[PDB]
Amino acid sequence: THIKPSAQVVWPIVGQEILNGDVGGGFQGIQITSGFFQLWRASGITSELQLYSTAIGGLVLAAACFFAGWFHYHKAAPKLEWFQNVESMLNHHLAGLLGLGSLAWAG
Amino acid sequence: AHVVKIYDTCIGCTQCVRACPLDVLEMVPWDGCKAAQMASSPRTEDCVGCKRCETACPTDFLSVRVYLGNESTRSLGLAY
Amino acid sequence: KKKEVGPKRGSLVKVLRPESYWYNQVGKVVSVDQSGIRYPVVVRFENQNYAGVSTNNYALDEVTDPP
Amino acid sequence: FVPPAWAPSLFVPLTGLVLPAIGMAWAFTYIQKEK
Amino acid sequence: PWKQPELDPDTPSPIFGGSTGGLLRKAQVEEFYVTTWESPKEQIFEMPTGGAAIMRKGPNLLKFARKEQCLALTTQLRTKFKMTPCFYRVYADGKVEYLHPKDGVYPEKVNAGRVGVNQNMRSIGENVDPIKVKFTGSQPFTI
Amino acid sequence: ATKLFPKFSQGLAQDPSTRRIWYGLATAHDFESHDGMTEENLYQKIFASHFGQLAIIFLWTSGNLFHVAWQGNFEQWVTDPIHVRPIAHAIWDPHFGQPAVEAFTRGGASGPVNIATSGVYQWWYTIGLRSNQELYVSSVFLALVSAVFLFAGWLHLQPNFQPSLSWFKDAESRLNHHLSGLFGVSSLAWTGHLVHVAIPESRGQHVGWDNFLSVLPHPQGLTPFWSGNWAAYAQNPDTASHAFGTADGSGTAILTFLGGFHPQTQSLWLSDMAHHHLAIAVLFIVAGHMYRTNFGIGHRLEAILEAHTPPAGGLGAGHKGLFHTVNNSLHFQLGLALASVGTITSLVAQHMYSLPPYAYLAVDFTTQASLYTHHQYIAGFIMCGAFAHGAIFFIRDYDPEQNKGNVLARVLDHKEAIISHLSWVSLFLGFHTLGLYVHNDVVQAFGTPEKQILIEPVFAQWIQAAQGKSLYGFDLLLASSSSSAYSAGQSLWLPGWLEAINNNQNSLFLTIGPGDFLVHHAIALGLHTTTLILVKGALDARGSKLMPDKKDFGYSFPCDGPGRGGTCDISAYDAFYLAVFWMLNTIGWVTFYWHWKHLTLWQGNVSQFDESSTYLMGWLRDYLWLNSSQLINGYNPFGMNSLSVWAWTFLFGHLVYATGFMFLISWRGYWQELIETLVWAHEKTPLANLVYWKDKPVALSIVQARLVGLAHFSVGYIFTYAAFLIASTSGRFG
Amino acid sequence: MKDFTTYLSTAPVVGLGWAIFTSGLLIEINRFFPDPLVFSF
Amino acid sequence: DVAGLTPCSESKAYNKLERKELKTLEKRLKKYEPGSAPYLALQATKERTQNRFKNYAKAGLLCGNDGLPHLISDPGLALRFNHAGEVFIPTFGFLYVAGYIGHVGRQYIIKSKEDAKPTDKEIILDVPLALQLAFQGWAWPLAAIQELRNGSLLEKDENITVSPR
Ligand code: CLA
Ligand code: CLA
Ligand code: CLA
Ligand code: CLA
Ligand code: CLA
Ligand code: CLA
Ligand SMILES: CC1=C(/C=C/C(C)=C/C=C/C(C)=C\C=C\C=C(C)\C=C\C=C(C)\C=C\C2=C(C)CCCC2(C)C)C(C)(C)CCC1
Ligand code: SF4
Ligand code: SF4
Ligand code: SF4
């Protein structure tokens, strides 16, 4: 209730270091309005080590998805009948994409 | 209605007539081109001035020219 | 007939037509018609016009040498 | 010389209502005048 | 062609419901256009005035308020099924005018029977300046 | 079909659409495109139209005089020209409420009145009008003059009174008469009226038509004029402690060279202006009999035009063939006249505020601001009109076979070079001005304003130091007594002019700083860019590479279609219509600069403008936001002050700006399809399909859409800036 | 390699390389010469 | 002392602006402990501000009535008052660099046209050729005026694409 959320820090180069305002808590930066601090507080994140681990896991999953795109286009390309299974797509999305993720976040 | 004028630089490629959406142009026999065809406008009163014939002309500048003026019911594309 | 009604095929020409897109430009002669049409000189140009075409028919009096 | 005090009460409604109305009436009859 | 065909109002219309972009009051005040074709079988086509209709096996008659709609339907039928249709223009008094196949061979052909009109015999760009034709009522391209 | 409304266009008559109305109004006075029109009939219509415009102008100024006399406070303003505000016209609006009626009662009036900002009060006080009866008789005389001019136009329109073609084409006699009579003896009579009336009226002596031919303007009595002792007129000028309304500190002088301003009223001396107009009249008369009339002496226009050709092919054929080009093409004369008149009113705007000619005009801040803004906007409009009618000349009436090898053929030959150089200088000015402004804004944003680039305008400061301003220092002319410019005229006009130019209170050669330098370069960018657009429209009017046959399509045609990549906005009319936007931006820049500099001068905070015009945050906040506080508070739930009408017309101008955006962004196809759907809706409805339209409703033309969007844009621009300027200058001053 | 080099030889890639080069040069100049305005050796 | 302006060192508003900036930097600095990274950052900012204010003084810069330095653009006047380094030398340097850019672009345009499909070379740049022309542009004015002398810099009006009149 007294320290403004700040997560972007600038480099002192041409006088833009004045953008690093006194947000409180012995820190200088830009007051962020994304609400990421409140999201991390709602997720139980306490230390910066958990944020580091989440960032590394996000980079790993991003590389995995990028390789997955390369694989599912160049190596193993699904056919037209695979995409046209709208019933299977809807069932897997309702049960797995939305419901399973909801249960995992609930847990 | 509008004025459609066709000059002697036309090669008789019949692209302007195919591009015409109101059947204004026609092909007449000629001797000034290799294809022995010349564009004509016997139905210029039905032309609206859409300039679709000018897009299909392959020659430099334009072998067919549309000049707007004195719009009528047919020239304004009105269904009412 | 005698010689040819136009320039040598494959030779560069300069277009003297003022209303053409390729005025004062160098093009290549593809073929010259011998029947007696108004514009027998078929010229292909390296740079296309706004319509995207690169060939045009010109008469005998609107072509010269590349200077 | 000096206009009377009721002149703003008469000329302003005349040139704000009556004169534009008769002008639009004349113009409407002139636009649709046919042969 | 050799003989100009005469339209028949008793020819069956293609199977269709109700059109909203159909004939307006201009149809009963000014001229309206009527397209006829000869379908060898029943099939579904797309009208330019709305959705889709089904043509009947035989003669088919349709009505429109614009000549552009008639030629759009004609070129759609020619490109999709090679139908070769023809449309007339009917005025308020009942005068019928033959419009698309003027010589019956379509304007893409020549037929050696059409006289070319409105053809300037000079090159474009050789027209006179508007100062040359002033207070005369003649445009530089009309000479 | 074939209605009778477009009688000047048979083709437009056979148009069963609403566009026939619109094209029946925009092409109303384009007589060259009318059917069956001869040159003589065109000249007669032009003469009748000119007489009509003169009659309308005289009726308008008669109405201004009458509405100042009746429902005005001219006498009260004459008694006290400092405190009480002038009244333009009374307000009779039945939609007004009682607080609105009470709030608009200003200047000691019995009803709601509008505070006059046209400045006719100062002008009519300067020329000698004092009583309301004089204004009444002047208004009725001008109404009689307007009626006489209208009847004269009607009679010259009538048969057996129409002038001949050679009468209109007699350029030499018209030039000689309008140089000698329209300018010479008109100015001579005006300065005679000045000497007879205004100087005695400014010296407390009433001179009227009743006592005319009885009071001598100078006590000598015209004998120094015949004796050649013209210096006796400049013997006893008015003193510094002279009252304009009374005879205190008066004198006996009608023509002098007392350069400077009257200390009491901060305006130019009446004797100085009388001497100026007398010298102007003499110069016009002595130059008004130079051209070759039917007498054996004079100058032929064609002979001087053809003889002035540089040798060795400097200009090719030279200036030959221009006489027939000017005489045959009326659009060339129209462009020349509009350009000269635009330069004239630009000079008028730039010289009124620095040298106020009317008594008690500099104190009236709102009046001066409104006059400068009006004159600058009119100047830009007829600048653009000159260029547009020059493009019309190039399209309609221009024969290259006639003027072959002349200056016109040469500038048409290398038009690409001119357009390219103007485009380069526009890019140069815009790039560097925007870079400087953004650099200054970023530097001031970072909390360290000393890093900003402030290029000192040393050229204008050097000029002003060379013309008497000793603030900048230096040792050029008119600042050092050893200079010949200082020695010459040391006892003629220098002591008054130096005192007027060394004072910081008046607007005579104000202090120019780096912010003034930057905004001056912005003005130069705007002028050069508008010039680039207009000369590209005029030079490429009759042909281009995308459209070689642009002459055959007329001046105002929409496009050539989507072929060749797209050809929309290719006519010279479209170039003019874009140049209208650029002219509006340029005049907005010059008026923003004038208004902010003068407002900071009147408030005394010139340092605020000096340190705030450098960066655009200062322009947005200290000018467009700080000075708009009184404007927006014209009406509110708390109440209403006298600036309610200005706030209302400010919002009105923003609304018309938005409607201009409507008519400029969206184009014809969507509205045409929507109109078709509305036509079906009206056709297929009960209880409403009984009625019908005589003409088919259609969407407006693309050229028509551009014109309507331009008109809405310019109307919103003018109304918004007029509202802001008057509310900011009058809400805190008087 | 040569296909990837010709991809790097395309106009956006070399423009990006020029952008980083010029931006880094100007930034390092501003950093090691803090806020200059007038050339004074 | 030109244009009625005072030097920055002799001016009072310049020192007042410097004092105000130092005061607000110290006010921002006093909210942090000395053993914190924002304290060192603000100390570095204050040192940079002091160095910039010292360098702007004793360098010929002058300010008028607001403490903000002014620049003299007229050559000669800047030469006789040591103000040439303000804009005169930088404008010459920018002209040198702009001529470098123009000469390099002209060399690449000319040298990539005598081959099949010059548009392909325009869209896919010859990187070794571009770098070679980059390192060969150090003598741009000499080559430019020599091309002007031999007439290859400018094209004649007969081979130039021209719009109809
Ligand atoms: C003493 C030697 C001398 C000099 C210096 C001149 C010089 C001149 N004479 Mg000349 N004259 C001479 C001897 C001389 N003459 C002799 C011996 C005779 C025989 C009696 C004449 C007879 C003569 C006639 C009859 C006329 C001249 C004219 C002229 C002027 C135009 C020349 C020309 O072709 O344009 C210069 C060459 C050009 C190609 C013009 C280029 C113009 C460029 C394109 C414009 C650039 C504008 C640019 C945007 C400006 C940027 C500035 C920015 C702030 C806007 C020029 C000032 C003409 C005149 O009065 O004009 C003032 C004219 O009518 N002269
Ligand atoms: C305020 C808005 C605005 C601005 C900035 C411009 C800017 C420009 N218009 Mg204008 N114009 C506008 C509104 C505007 N227009 C409107 C509303 C109209 C009416 C339709 C016109 C009508 C008009 C005409 C008719 C003409 C112009 C022309 C020009 C150019 C003038 C040359 C100049 O000053 O140097 C350039 C100055 C600028 C401010 C341009 C912006 C460049 C800055 C520096 C950004 C550059 C990129 C930057 C490095 C960032 C890179 C990253 C980023 C891309 C993501 C320039 C591109 C003329 C033209 O084309 O020049 C030959 C011209 O003939 N305009
Ligand atoms: C229950 C099983 C399941 C799950 C969880 C998903 C999940 C997803 N599918 Mg998929 N789908 C499935 C079955 C499933 N699918 C089936 C059976 C079919 C065939 C009928 C499809 C056909 C299909 C198409 C055609 C498309 C998708 C797309 C997507 C993505 C939607 C975007 C989104 O919400 O981001 C959510 C993102 C995350 C939660 C981040 C983590 C994502 C992880 C890596 C995915 C893990 C689940 C995966 C399916 C496990 C099997 C893969 C395994 C072999 C490694 C999402 C990742 C879209 C896509 O391509 O996105 C890439 C798309 O266009 N799906
Ligand atoms: C996805 C969401 C989720 C997850 C992950 C968990 C997980 C957990 N909860 Mg939670 N819970 C959830 C939802 C969830 N719950 C919900 C929705 C509710 C409803 C209110 C609860 C209510 C709840 C309560 C009230 C309690 C828990 C407890 C627990 C723990 C007991 C696990 C257990 O016995 O389950 C069953 C788990 C298994 C059968 C194990 C799975 C089988 C394994 C993985 C097979 C591995 C085989 C493999 C091949 C061999 C190893 C490989 C190796 C050799 C390499 C566990 C940490 C309890 C706790 O914390 O105490 C310990 C506890 O008190 N939870
Ligand atoms: C000396 C002054 C003068 C003269 C004699 C002319 C005369 C002419 N001009 Mg020119 N013109 C002038 C000044 C002048 N103009 C100026 C100052 C400009 C710049 C704005 C133009 C711009 C211009 C263009 C661009 C064109 C002409 C055209 C014409 C011709 C058409 C006039 C006519 O009969 O139609 C009468 C025309 C009208 C009645 C339309 C006027 C509509 C106006 C804009 C509405 C007023 C705005 C606003 C809604 C008012 C209400 C405000 C609101 C707050 C209440 C005629 C030869 C046209 C031409 O030659 O045709 C090819 C043409 O294309 N002129
Ligand atoms: C290096 C190539 C090159 C060269 C030598 C020129 C030269 C010229 N141009 Mg052109 N220009 C260019 C590229 C070039 N231009 C490009 C890419 C554009 C598109 C943005 C333009 C757009 C343009 C306009 C709109 C105008 C000019 C004008 C001019 C003239 C004025 C000089 C100037 O600085 O204008 C200013 C030029 C610019 C601001 C364009 C700079 C574009 C970038 C920043 C430079 C690109 C450099 C290039 C990557 C180098 C390649 C090297 C190779 C090894 C990779 C001059 C004839 C003006 C004119 O007509 O004057 C008579 C004018 O109005 N040019
Ligand atoms: C000193 C100075 C100044 C001044 C200046 C001046 C005054 C200038 C002028 C100038 C001029 C008066 C110019 C002219 C010109 C002309 C021409 C005609 C040109 C041309 C050019 C060219 C052609 C170029 C080219 C190029 C390019 C672009 C690229 C490549 C390279 C080259 C270089 C080759 C000032 C104050 C501002 C600022 C400071 C300094
Ligand atoms: S498109 Fe042009 S060249 Fe082809 S037939 Fe028509 S007018 Fe002739
Ligand atoms: S403008 Fe359209 S309707 Fe008219 S002749 Fe050309 S293609 Fe046909
Ligand atoms: S003005 Fe309209 S119809 Fe003409 S080219 Fe442009 S978008 Fe197309």
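Whatever order the structure lists ligands and atoms in, that order sets their numbers, starting from 1. Here is how names work: the chains are called A, B, and so on, in the same order as the sequence lines, proteins then strands, and each is numbered from 1.
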* To do: Indicate whether atom 21 (C) of ligand 1 is within a distance of less than 4.0 angstrom of some protein heavy atom.
  => yes
* Which protein non-hydrogen atom lies closest to atom 44 (C) of ligand 1, naming both residue and atom, and how far is it? -> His414(F) NE2, 4.9 Å
* Asked: With a cut-off of 2.8 Å, does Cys568(F) place any N/O/S atom under that distance from atom 6 (Fe) of ligand 10?
  -> yes
* Asked: For the residue pair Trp582(F) and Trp589(F), does the interplanar ring angle fall in the parallel (under 30°), tilted (30 to 60°) or perpendicular (over 60°) class?
  -> perpendicular
* Would you say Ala307(F) touches ligand 1, if touching means a heavy atom closer than 4.0 Å? -> yes
* Asked: Do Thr161(H) and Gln25(C) have side-chain N/O donor and acceptor atoms under 3.5 Å apart?
  -> yes
* Asked: Under 4.0 angstrom from atom 62 (C) of ligand 6, is there any protein heavy atom?
  -> yes
* Nearest neighbour of atom 37 (C) of ligand 1 from the list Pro310(F), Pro311(F), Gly313(F), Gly314(F), on a heavy-atom basis -> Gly314(F)
* Asked: For atom 23 (C) of ligand 6, what is the nearest protein heavy atom, given as residue, atom name and distance?
  -> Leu427(F) CD2, 4.9 Å
* **Which residue and heavy atom of the protein sit nearest atom 59 (C) of ligand 6, plus the separation** => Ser420(F) O, 3.6 Å
* Asked: Do the side-chain N and O atoms of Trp22(F) and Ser701(F) include a donor-acceptor pair separated by under 3.5 angstrom?
  -> no
* Asked: Which atoms of ligand 10 sit under 4.0 Å from any heavy atom of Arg706(F)?
  -> 1 (S)
* Asked: Counting only non-hydrogen atoms of the protein, does one fall under 4.0 Å from atom 30 (C) of ligand 6?
  -> no
* Asked: Taking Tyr100(H) for the side chain and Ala134(H) for the main chain, is one N or O donor matched with an acceptor at less than 3.5 Å?
  -> yes
* **atom 64 (O) of ligand 6 - nearest protein heavy atom and its distance** => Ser423(F) OG, 2.5 Å
* Of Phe94(H), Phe88(H), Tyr96(H), which meets ring pair (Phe, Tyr, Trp, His ring centres under 6.0 Å) against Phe92(H)? -> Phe88(H)
* Asked: Which atoms from ligand 1 have a heavy atom of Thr309(F) less than 4.0 Å away?
  -> 24 (C), 25 (C), 64 (O)
* If you have a sec, work out which protein heavy atom is nearest atom 36 (C) of ligand 1 and how many Å separate them, to one decimal? => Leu315(F) CD2, 4.6 Å
* **Closest protein heavy atom to atom 45 (C) of ligand 6, given as residue, atom name and distance to 0.1 Å** => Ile101(H) CG2, 4.8 Å
* Donor-acceptor pair between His2(B) and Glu71(B) side chains, under 3.5 angstrom -> yes
* State plainly whether the residues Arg106(H) and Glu147(H) are in salt-bridge range, i.e. N to O under 4.0 Å. => yes
* Nearest protein heavy atom with distance in Å, relative to atom 5 (C) of ligand 6 -> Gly102(H) O, 3.9 Å
* Crowding at CE, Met662(F) (>12 non-hydrogen neighbours, <6.0 Å) -> no
* Asked: Do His528(F) and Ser426(F) have side-chain atoms, one donor and one acceptor, less than 3.5 Å apart?
  -> no
* Heavy atoms only: give me the nearest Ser340(F)-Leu336(F) pair and the separation to one decimal. => OG-O, 2.8 Å
* Using the six-membered ring wherever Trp is involved, compare the ring planes of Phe661(F) and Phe713(F) and label them parallel, tilted or perpendicular (cut-offs 30° and 60°). => parallel
* **Residues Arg165(H) and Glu416(F) bridged, charged N to O under 4.0 Å** => yes
* Within the structure, does at least one protein heavy atom fall under 4.0 Å of atom 49 (C) of ligand 1? -> no
* Kindly state if atom 57 (C) of ligand 1 has a protein heavy atom within a strict 4.0 Å cut-off, that is, under 4.0 Å? => no
* Asked: Can a protein heavy atom be found under 4.0 Å away from atom 9 (N) of ligand 6?
  -> no
* **atom 12 (C) of ligand 6 protein-contacted (non-hydrogen atom, under 4.0 angstrom)** => no
* **Nearest non-hydrogen protein atom, atom 7 (S) of ligand 10** => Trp667(F) CZ3, 3.5 Å
* To do: Please confirm whether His308(F) comes within less than 3.5 Å of ligand 1 when only nitrogen or oxygen atoms on both sides are compared.
  => yes
* Considering heavy atoms of the protein only, find what lies nearest to atom 55 (C) of ligand 6 and give residue, atom and distance to 0.1 Å. => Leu125(H) CD1, 3.7 Å
* Look at ligand 10 and say whether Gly561(F) reaches it with a heavy atom at a distance under 4.0 Å. => yes
* What protein heavy atom sits nearest atom 4 (Fe) of ligand 10, and how far away is it? -> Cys559(F) SG, 2.3 Å
* Which protein heavy atom lies closest to atom 51 (C) of ligand 6, and at what distance to 0.1 Å? -> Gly105(H) CA, 4.1 Å
* In plain terms, say whether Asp540(F) and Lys550(F) are close enough for a salt bridge, that is, a side-chain N and a carboxylate O under 4.0 Å apart. => no
* For atom 40 (C) of ligand 6, is the nearest protein heavy atom closer than 4.0 Å? -> no
* To do: Return a yes/no value: protein heavy atom under 4.0 Å from atom 15 (N) of ligand 1?
  => no
* Quick one: nearest non-hydrogen protein atom to atom 28 (C) of ligand 6, plus distance? -> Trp424(F) CD1, 4.9 Å
* Can you confirm whether something in the protein, heavy atoms only, sits under 4.0 Å from atom 34 (O) of ligand 6? => no
